[PDB]
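Report on the following structure.
Every chain is numbered from 1, with letters handed out A, B, ... down the list of sequences. When reading the values below, keep in mind they use all heavy atoms of this one structure, side chains included, and skip hydrogens, waters and symmetry mates.
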Protein chains: 2
Amino acid sequence: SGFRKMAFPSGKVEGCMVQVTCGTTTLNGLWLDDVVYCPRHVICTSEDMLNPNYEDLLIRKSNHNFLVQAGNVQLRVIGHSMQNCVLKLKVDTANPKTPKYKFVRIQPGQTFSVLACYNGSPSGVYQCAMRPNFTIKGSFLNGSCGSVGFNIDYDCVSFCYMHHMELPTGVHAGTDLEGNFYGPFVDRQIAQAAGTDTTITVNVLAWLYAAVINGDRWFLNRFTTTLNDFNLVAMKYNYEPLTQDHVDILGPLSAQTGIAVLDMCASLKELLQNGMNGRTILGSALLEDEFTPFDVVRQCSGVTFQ
Amino acid sequence: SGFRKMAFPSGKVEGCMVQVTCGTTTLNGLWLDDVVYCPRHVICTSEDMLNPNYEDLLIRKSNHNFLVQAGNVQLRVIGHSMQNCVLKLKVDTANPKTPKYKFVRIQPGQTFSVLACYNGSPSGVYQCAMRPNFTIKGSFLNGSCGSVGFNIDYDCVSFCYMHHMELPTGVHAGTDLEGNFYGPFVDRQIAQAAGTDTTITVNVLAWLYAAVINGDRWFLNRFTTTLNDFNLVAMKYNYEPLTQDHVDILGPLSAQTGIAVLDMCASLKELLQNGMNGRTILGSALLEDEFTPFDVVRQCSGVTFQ
Ligand SMILES: *C(=N)[C@H](C[C@@H]1CCNC1=O)NC(=O)[C@@H]1Cc2ccccc2CN1C(=O)[C@@H](NC(=O)C(F)(F)F)C(C)(C)C
Ligand SMILES: *C(=N)[C@H](C[C@@H]1CCNC1=O)NC(=O)[C@@H]1Cc2ccccc2CN1C(=O)[C@@H](NC(=O)C(F)(F)F)C(C)(C)C
Ligand code: NA
Ligand code: NA
């Protein structure tokens with residue numbers, strides 16, 4: 001029993017974190033085989049942040065302008081290139097702790113673990129979602145750039161996020177590991193603002209299923225709804241549309257609990273219209289939307305507390 | 001910016017997790033140097049759970065009745081002993097990944113990270129507090145026993161919890177790493193029930209300070225309170241007494257924000273009496289009490305967003 005915001009074990013990623021310095025800027029890099037990946041803005045200077053010409057800035061650098069430190073060992077940079085908004089620094093040493101890994105670009109609504117790092121040293125691990133507006137509600141300070149987000153499947157680390165920017169609302173923007181930003185954001189000091197966000201409907205439903213699995217039914221009702229009618233209510237409450245593919249993805253949780261997806265939708269509709277009335281679900285007074293269906297299956301019992 | 005339930009990086013603990021089997025019971029152990037620590041109830045059988053005589057059960061076992069597996073390597077048990085409610089299995093191999101470590105018995109209100117494991121394999125990491133009633137609100141299933149809770153300071157892992165039991169309310173009970181239970185709980189299948197819990201006042205205050213650091217002041221007021229008068233309100237809301245030592249511990253957060261501790265107490269008093277009025281603090285609609293003052297200092301900026 002219980003249900004927590006649960007991150008993946010971070011050890012396989014900890015062994016990949018290094019420190020990268022260029023000029024007076026220090027941030028984190030990801031060391032996989034003989035390449036260190038880091039945000040390209042490591043090459044910027046303070047008076048040229050509004051519209052850096054990264055190609056022009058980088059051609060002016062040599063390999064020895066980049067200092068890479070793994071623990072208390074210096075790695076020598078022997079090549080470099082820019083790919084989108086990341087730098088790839090070829091080093092003289094392959095990381096002996098390189099895990100089995102993939103690079104993945106995730107869809108909005110998917111979750112991942114973040115290993116927050118400073119000066120190449122891991123600080124903490126927490127769970128986040130890619131918001132529909134392609135920001136993440138992270139926890140990041142100066143020096144955190146190059147920290148990565150990831151999922152683990154069996155023994156394979158799927159890296160999906162590298163940290164680059166904080167927006168004025170205190171939320172975060174970054175790239176996949178090929179250096180492509182999520183969302184419309186750029187590595188420039190310009191007016192950027194998160195678009196209006198929405199609630200991840202399929203995740204709220206998954207979490208209601210988690211609550212049932214763990215033994216709570218107070219929020220259920222005898223009603224059902226059509227998908228179309230549910231989506232009319234979703235829109236009114238700033239919830240993402242629920243698609244038939246979402247309904248299919250919720251199949252296993254529906255089967256384990258005996259609650260049809262559209263019946264759980266009627267429960268959610270009533271919660272949106274009436275509120276919780278001072279009650280909680282899985283210890284929360286808000287409807288939680290940063291657990292995917294997969295996250296629920298991963299954490300919860302395969303047997304419902306009936 | 002941001003503020004998340006943040007666990008410690010788990011890699012140093014992952015390298016210590018092993019699987020322990022006795023009879024038909026399999027659970028997790030902690031492998032440090034040449035000793036594997038695990039719950040003593042690994043030696044129980046299903047028809048003798050009401051009042052096992054552990055001394056009598058253990059004298060009937062030999063070293064070779066215990067199977068220890070680290071990854072896909074079998075470790076040979078070469079000695080065993082019972083200390084309180086843990087078993088210490090001496091093995092033929094010292095763990096080469098043994099971190100710098102300590103065993104600590106924590107006080108109620110302190111937090112720690114849990115590496116949930118099954119069959120010796122880490123599953124996930126989350127943050128918990130030792131509740132005032134000496135339960136923890138964990139997330140644990142069959143096979144999770146022997147999973148550990150820990151804090152990390154510099155390079156030193158302080159182990160403080162090993163998982164043993166789930167109580168009828170779905171909360172969890174376990175021991176320090178010397179095998180002493182937290183709370184009145186025992187490793188017997190008998191009517192046990194968590195005592196009435198209380199809210200960890202000093203932690204709620206720390207988290208209100210976190211909210212101010214991150215730029216939110218909506219809940220402050222112009223009032224102050226005496227410690228005695230605050231504690232009269234705390235008691236009414238099932239909050240732990242705030243001691244002068246708690247006030248001293250909140251000193252650094254008070255200094256960083258410019259809000260006297262007793263002034264923050266007046267803010268909290270008003271929140272308890274009036275509620276949040278539909279507003280949130282750091283994304284929560286409830287008053288959060290599983291961040292210590294240290295946790296806030298560890299995660300938050302040293303500079304307040306004024
Ligand atoms: C990486 N170390 C750092 C992480 C930030 C610092 C505070 N919290 C975080 O998450 N990233 C930056 O400081 C980036 C780097 C950068 C590259 C190119 C041009 C300008 C910058 C300045 N950075 C910002 O995140 C700034 N944000 C913005 O300019 C915008 F809001 F995204 F537009 C700022 C936080 C104001 C420094
Ligand atoms: C460890 N693998 C397991 C963890 C449990 C299983 C479900 N969620 C958990 O956290 N621990 C047990 O199953 C223990 C072991 C034990 C030792 C001696 C005597 C009896 C048991 C049975 N266990 C329980 O946790 C049971 N709880 C209680 O008996 C009590 F509520 F604590 F009193 C029970 C969950 C009913 C199996
Ligand atoms: Na329903
Ligand atoms: Na006040």
Are B/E178 and B/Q83 close enough that some pair of their side-chain heavy atoms sits under 4.5 Å apart?
yes
Has the side chain of B/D187 got a donor or acceptor atom that lies under 3.5 Å from a matching backbone atom of B/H164?
no
Are side-chain heavy atoms of B/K236 and B/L232 found at a separation under 4.5 Å?
no
Got a second to check how far A/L27's CG is from A/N142's CG, nearest 0.5 Å?
11.5 Å
Check whether any side-chain heavy atom of B/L250 lies under 4.5 Å from a side-chain heavy atom of B/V247, and answer yes or no.
no
Is a side-chain donor-acceptor pair under 3.5 Å present for B/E240 with B/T198?
yes
Just checking, any donor-acceptor pair under 3.5 angstrom between side chains of A/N133 and A/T135?
yes
Spacing of SG belonging to B/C85 relative to CE belonging to B/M165, to within rounding of 0.5 Å:
9.5 Å
Student check: side-chain heavy atoms of B/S139 and B/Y126 closer than 4.5 Å
yes
Hey, is the main chain of A/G2 close enough, under 3.5 Å, to the side chain of A/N214 for a donor-acceptor pair?
yes
Please test B/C16 against B/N95 for side-chain contact (heavy atoms from CB on, under 4.5 Å), starting from the C-alpha separation and ending with a verdict.
CA-CA 7 Å; B/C16 299; B/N95 185 354; 4.1 Å; yes
SB check B/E288 B/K5 (cutoff 4.0 Å)
yes
For the aromatic rings, using the six-membered ring if either is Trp, is the centroid distance between B/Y37 and B/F159 under 6.0 Å?
no
Which atom pairs, donor and acceptor, lie under 3.5 Å between side-chain atoms of residues 276-286 of chain B and protein residues at least two apart or in another chain?
{"unit_1": "B/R279", "atom_1": "NE", "unit_2": "B/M276", "atom_2": "O", "d": "3.2"}
{"unit_1": "B/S284", "atom_1": "OG", "unit_2": "B/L286", "atom_2": "N", "d": "3.0"}
{"unit_1": "B/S284", "atom_1": "OG", "unit_2": "B/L286", "atom_2": "O", "d": "2.8"}

Using 30° and 60° as the class boundaries, would you call the ring planes of B/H163 and B/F140 parallel, tilted or perpendicular?
parallel
Check the pair B/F181 / B/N84 against side-chain contact (heavy atoms from CB on, under 4.5 Å), numbers first and verdict last.
CA-CA 9 Å; B/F181 267 90; B/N84 305 313; over 6 Å; no
Listing request: all ring pair (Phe, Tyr, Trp, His ring centres under 6.0 Å) pairs with a residue in residues 237-277 of chain B, at least two apart in sequence or in separate chains.
none
Residue pairs passing the salt bridge (charged side-chain N to carboxylate O under 4.0 Å, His left out) test where at least one lies in residues 217-232 of chain B, sequence neighbours excluded:
none
Shortest non-hydrogen contact from A/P9 to B/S123?
CD-O, 3.8 Å
Is there any side-chain hydrogen bond (donor to acceptor under 3.5 Å, both in side chains) pair reaching into residues 250-268 of chain B, and which pairs are they, with sequence neighbours excluded?
B/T224-B/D263
Is there a side-chain contact between B/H41 and B/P52 in this structure, where contact means two heavy atoms from C-beta onward sitting under 4.5 Å apart?
no
Please round to the nearest 0.5 Å and tell me the distance separating atom CG of A/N151 and atom CZ of A/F8.
4.5 Å
What residues form a ring pair (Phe, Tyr, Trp, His ring centres under 6.0 Å) with B/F150, not counting sequence neighbours?
none
Measure from the side-chain N and O atoms of B/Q192 to the backbone N and O of B/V186, and report whether any donor-acceptor pair falls under 3.5 Å.
yes
Just by distance, do the side chain of A/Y161 and the backbone of A/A173 share a donor-acceptor pair under 3.5 Å?
yes
Can you find a heavy atom in the side chain of A/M162 that is under 4.5 Å from one in the side chain of A/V148?
yes
Could you tell me which non-hydrogen atom of A/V125 sits nearest to which non-hydrogen atom of A/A7, and how far apart they are?
CG2-CB, 3.8 Å
Ignoring hydrogens, what is the shortest heavy-atom contact between B/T225 and B/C265? Give both atom names and the distance.
CG2-CB, 3.7 Å
Filter on salt bridge (charged side-chain N to carboxylate O under 4.0 Å, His left out), then keep only pairs touching residues 191-213 of chain B, sequence neighbours left out; what's left?
B/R131-B/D197
Measure the acute angle between the ring planes of A/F3 and A/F291, then classify it against the limits of 30° and 60° as parallel, tilted or perpendicular.
tilted
